[PDB]
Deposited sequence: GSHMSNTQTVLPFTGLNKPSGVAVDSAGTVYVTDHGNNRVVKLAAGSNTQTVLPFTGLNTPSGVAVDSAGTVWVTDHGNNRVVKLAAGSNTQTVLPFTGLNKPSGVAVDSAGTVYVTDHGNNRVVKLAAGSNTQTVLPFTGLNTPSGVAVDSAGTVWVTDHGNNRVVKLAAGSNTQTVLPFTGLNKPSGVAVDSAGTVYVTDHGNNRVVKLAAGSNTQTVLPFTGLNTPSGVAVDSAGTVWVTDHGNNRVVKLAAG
């Protein structure tokens, strides 16, 4: 589509990240109000407590929600319907900026202050550090079925990926990025990036050597992106306190 729609969230303040689950429920981290809200396919506020500028959210097939609680250097999780949040046994995080979960329940976090990406396997209590190199203030992460990890390397204006069990980081052929802030990948392998400083969302179609600019209009400093099964793209339009979607 070429016409966006604005999602009917209310009272957002600098939304920072967005996730969509298999039933089309949209979750948003409302950075300026220290909360996470959700809209089923009238918003609901999830029962997190003591969040400090939440920066990213991910949701798995069971409906468990994970949030990077940036100002408290931690990752918190709510199981579906649960009333108590759990702090995950990550250690050493500094200003965590984003989170993604794969089909296996493995949790990946961009550890922005430490220029690294860390992961916690499902059923594991000990994190591992991924062998990215040269990151600077990584801002977002996405993971696909293959277990390939994509990261927006915000401080170097680039997007990098790491294949599963590999020592090989690939720089994706995006062009002219300015503080890329979020990344999403769809089942076809298409990669979508929010280009924060250029007020645009770009996309590298699977197989393509050059990026395409999605037809959003009016964005201001977009901060995060999620894609669903049907290729609908959701973007947190941070500067306008709103969330937009494009079919």
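Deposited positions lacking CA coordinates: Missing from the model are residues 1-4, 46-48, 255-256.
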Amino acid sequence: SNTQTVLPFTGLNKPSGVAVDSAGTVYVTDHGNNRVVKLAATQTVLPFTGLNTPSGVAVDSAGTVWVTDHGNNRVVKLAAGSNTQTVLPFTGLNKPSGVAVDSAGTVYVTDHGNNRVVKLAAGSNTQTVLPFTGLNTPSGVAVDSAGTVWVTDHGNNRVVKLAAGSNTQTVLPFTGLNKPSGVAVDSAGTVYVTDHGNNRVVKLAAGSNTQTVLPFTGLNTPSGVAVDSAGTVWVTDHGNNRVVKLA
From here on, numbers count along this sequence of modelled residues.
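Identify the stretch, either 228-236 or 19-27, whose C-alpha atoms have the larger mean B-factor according to the entry. That would be 228-236.
Check the entry's C-alpha temperature factors for 175-183 and 65-73, then say which stretch has the higher mean. Higher of the two, by average CA B-factor, is 175-183.
So among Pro215, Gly56, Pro47, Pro222, who wins on Cα B-factor in the entry? Of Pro215, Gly56, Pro47, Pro222, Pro215 has the highest C-alpha B-factor.
From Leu51, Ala41, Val191, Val201, pick the one with the largest CA B-factor in the entry? That would be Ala41.
Relative C-alpha B-factor of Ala122, binned into the chain's lowest, middle or highest third: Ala122: CA B-factor falls in the highest third of its chain.
Which third, lowest, middle or highest, does the C-alpha temperature factor of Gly92 belong to within its own chain? Middle third, going by the recorded CA B-factors of the chain.
Considering only modelled residues of the same chain, in which third does the CA B-factor of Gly113 rank: lowest, middle or highest? Bottom third by C-alpha B-factor.
CA B-factor placement of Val151, once the chain's modelled residues are sorted into thirds: CA B-factor rank for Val151: lowest third.
Third of chain Cα B-factors occupied by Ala104: Highest third of the chain for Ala104's C-alpha B-factor.
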